[PDB]
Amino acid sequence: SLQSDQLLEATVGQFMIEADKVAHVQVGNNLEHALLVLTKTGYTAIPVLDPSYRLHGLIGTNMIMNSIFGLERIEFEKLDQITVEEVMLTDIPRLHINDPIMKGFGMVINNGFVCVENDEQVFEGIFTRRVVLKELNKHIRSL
């Protein structure tokens, strides 16, 4: 455990949720698969990788619903006809594992989580608001 005066020398990677605990899907998976992963894991948005573990975007329940809401009914038969790549968000913030934690703190003001990558955009984890708030609450209650 770090002391308060060390927290800003820390890196994103030291506090991220590591990739092997992160639910994610792939660019070529269909929306039925992505919706099932979102629903079973209980998350509203998760990262999207390719088969080489490169980070490409985010997919969420709201995006999927907006793709299948029809005029008169929910067109669920389209879920397995559409790929994640066609509807995912690609305009996403990114952190590097070696970025200073203060950069991560700033980015979660406007983002519930931020994806973390190594070199070459290889996915490494996510940097969440809960981790920031848990840590900052500890250090304010001590100070």
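For every residue, the number given is its place in the sequence shown, counted from 1. C-alpha atoms forming the largest set that superposes within 1.5 Å between two forms make up the rigid core.
Stretch departing more from the displayed form, 65-73 or 101-109, Cα RMS in 4 other deposited structures of this protein (core fit): Per-stretch check in 4 other deposited structures of this protein: the more divergent one is 65-73.
Between 32-40 and 112-120, the one whose CA atoms sit farther away in 4 other deposited structures of this protein (rigid core aligned): The more displaced stretch in 4 other deposited structures of this protein turns out to be 112-120.
Mean temperature factor over C-alpha atoms, higher-scoring stretch between 40-48 and 84-92: Comparing 40-48 with 84-92, the higher mean C-alpha B-factor belongs to 84-92.
Stretch exceeding the other in mean C-alpha B-factor - 55-63, 75-83: Here the higher of the two C-alpha B-factor means belongs to 75-83.
Identity of residue with top Cα B-factor, from 122, 10, 133, 126: Among 122, 10, 133, 126, the PDB entry lists the largest C-alpha B-factor for 10.
Relative C-alpha B-factor of residue 111, binned into the chain's lowest, middle or highest third: For residue 111, the deposited C-alpha B-factor lands in the middle third.
Residue 35 by Cα B-factor - lowest, middle or highest third of the modelled chain: Residue 35: CA B-factor falls in the lowest third of its chain.
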